[PDB]
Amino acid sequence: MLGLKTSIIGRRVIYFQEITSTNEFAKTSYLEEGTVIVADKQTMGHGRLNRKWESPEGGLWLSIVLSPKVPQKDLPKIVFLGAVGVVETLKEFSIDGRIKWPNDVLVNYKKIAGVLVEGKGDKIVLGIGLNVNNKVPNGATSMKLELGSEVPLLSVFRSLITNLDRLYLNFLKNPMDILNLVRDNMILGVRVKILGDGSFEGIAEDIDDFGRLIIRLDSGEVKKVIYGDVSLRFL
């Protein structure tokens, strides 16, 4: 009865009033490509390293099942599809979101959404958490806070699914296109710090052809970062 007109993403949608995690459910269940798993609230929502992702009622918490018949080298760009999709949807609602490489979307430097891509066999799970009308952690923001009024959650869902379907269908044919859309919507030319054993600071210049973040250290040395479990912050 939703009447979705998308081609792949959204051919089927499984909704839960409550779930542990849409990403976990998508990883452990046999689901056809394009299936969207969405829930009003998650009790065990997570980001990387099992980090807790606050998922109270009011936000958009979903995962999408994908099985990209593209070269192995291209699979790492799926996270960008989610990020750009969110930016496009925010724009439709007159909100200017900017991508914090490589999985976050910020509005005036406050985090409004996060993306988490996981694998299980040859299935890829694209998870997206977007703050809409829900309470958010201090420092973060939501569509409601930016617009000053409650936003119709289903309208946001319809918009995002439509944008992701378009981005994904093009990705299957032209996998390099997503990189320029990311570059034009990403926070660059600013100083950042990458943590971990041997942490360092430098200017985030761009992303390369593999989606790696290019950082120029004060010494002039250029490092290429693969997100993985690294921590990035704007100083």
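Each residue number is its position in the shown sequence, starting from 1.
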query: Per the PDB record, is the mean Cα temperature factor higher over 3 to 11 or over 226 to 234?
result: 226 to 234
Between 66 to 74 and 22 to 30 (mean CA B-factor, as deposited), the higher: 66 to 74
task: Between 52, 173, 166, 41, let me know which has the highest C-alpha B-factor in the entry?
output: 52
query: If you compare 60, 37, 182, 192, which has the highest Cα B-factor in the entry?
result: 192
message: Based on the deposited C-alpha B factors for this chain, I'd like to know if residue 80 is in the lowest, middle or highest third.
response: lowest
task: Compare the C-alpha B factor of residue 103 with those of the other modelled residues in its chain, then answer lowest, middle or highest third.
output: middle
field: residue 151, C-alpha B-factor rank within chain (lowest, middle or highest third)
entry: highest
- request: Relative to the other modelled residues of the same chain, rank the CA B-factor of residue 91 and answer lowest, middle or highest third.
  value: middle
- line: Split the chain's modelled residues into thirds by Cα B-factor; residue 117 lands in the middle
